[PDB]
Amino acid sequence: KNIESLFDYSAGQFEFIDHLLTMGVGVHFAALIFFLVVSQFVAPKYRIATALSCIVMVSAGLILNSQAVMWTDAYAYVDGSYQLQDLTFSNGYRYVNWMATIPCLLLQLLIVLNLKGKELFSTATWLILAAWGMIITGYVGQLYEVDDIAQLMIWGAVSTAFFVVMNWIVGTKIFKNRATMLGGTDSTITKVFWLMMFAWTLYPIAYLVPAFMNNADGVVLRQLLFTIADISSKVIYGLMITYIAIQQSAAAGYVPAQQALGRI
């Protein structure tokens, strides 16, 4: 039912997909390490934001690692191309982890926006359920990518629905609590949000490849966009949130934070 299952890949598309996935594993487990290291440069009041990008890097990596092995498991060169075997490839696990990495990405944003008390857990919930409502409805849509573009669209429509509302929440929070930000970081955070806007919007694009390019080069397209989307929303976004967590820590009087940026 995945459109990946429909085609016999030329040797260069397979190998391209495989490297897409493997290099994805590489970069997540690599920022993973960096985040760990700079965790000591963040004050106790902001340390969970870097800690959450580590869960994302390992969540993202192990899923990408799962998919890479699964890629090569499912396919064998037969008779001039890579042909599906008795195992199948699927994007489904991308989704489930998005069920999981997205809450982490929001809490860390909400964290560096300086939300204490019932504000942050109340906003955290509405954003997860909206986000979760986006992912779940997108999943059921992508169950029909082969069999019913009709449903892929309407489920796609419901999902994007959720995307708009959830993005509306985030930005309202950014602009208000921007005030409370230390270190020139009020500026940076608004750039955090444009980054996510773009990054996140490549995923819908990647979900409509079946209706405008049901062919094997569409497979690779989709995997390319996912790879870019994942690097932007996960890795690069994490570094920016890392950047803001330390800058405030130093403004607040975390000596190990001033030390770190004072070295540069």
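Each residue number is its position in the shown sequence, starting from 1. Between two forms, the rigid core is defined as the largest C-alpha subset superposing within 1.5 Å.
For this session: Once the rigid core is lined up, would you tell me whether 87-95 or 162-170 has the higher RMS CA deviation in 7 other deposited structures of this protein?
Result: Most displaced of the pair in 7 other deposited structures of this protein: 87-95.
Problem set entry | Of 11-19 and 246-254, the one with larger mean CA B-factor | Between 246-254 and 11-19, it is 246-254.
Exercise. Hey, which bit's got the bigger mean C-alpha B factor in the entry, 182-190 or 102-110?
Worked result: Stretch with the higher mean C-alpha B-factor: 182-190.
Exercise. Which listed residue, 161, 146, 131, 140, has the largest C-alpha temperature factor in the record?
Worked result: Of 161, 146, 131, 140, 146 has the highest C-alpha B-factor.
For this session: Using the temperature factors in the entry, find which of 155, 93, 168, 175 has the highest value at its Cα atom.
Result: Highest CA B-factor of the listed options: 175.
Exercise. With respect to C-alpha B-factor, does residue 44 fall in the lowest, middle or highest third of the chain as deposited?
Worked result: Its C-alpha B-factor belongs to the highest third of this chain's values.
Exercise. Should residue 127 be placed in the lowest, middle or highest third of its chain by the C-alpha B factor in the entry?
Worked result: Middle third - that is where residue 127 ends up once the chain's C-alpha B-factors are sorted.
Exercise. Against its chain's modelled residues, does residue 27's Cα B factor rank lowest, middle or highest third?
Worked result: For residue 27, the deposited C-alpha B-factor lands in the middle third.
Exercise. Lowest, middle or highest third of the chain for the C-alpha temperature factor of residue 97?
Worked result: Lowest third - that is where residue 97 ends up once the chain's C-alpha B-factors are sorted.
Problem set entry | residue 38 CA temperature factor, ranked by third within the chain | As the PDB entry reports it, the C-alpha B-factor of residue 38 lands in the highest third of its chain.
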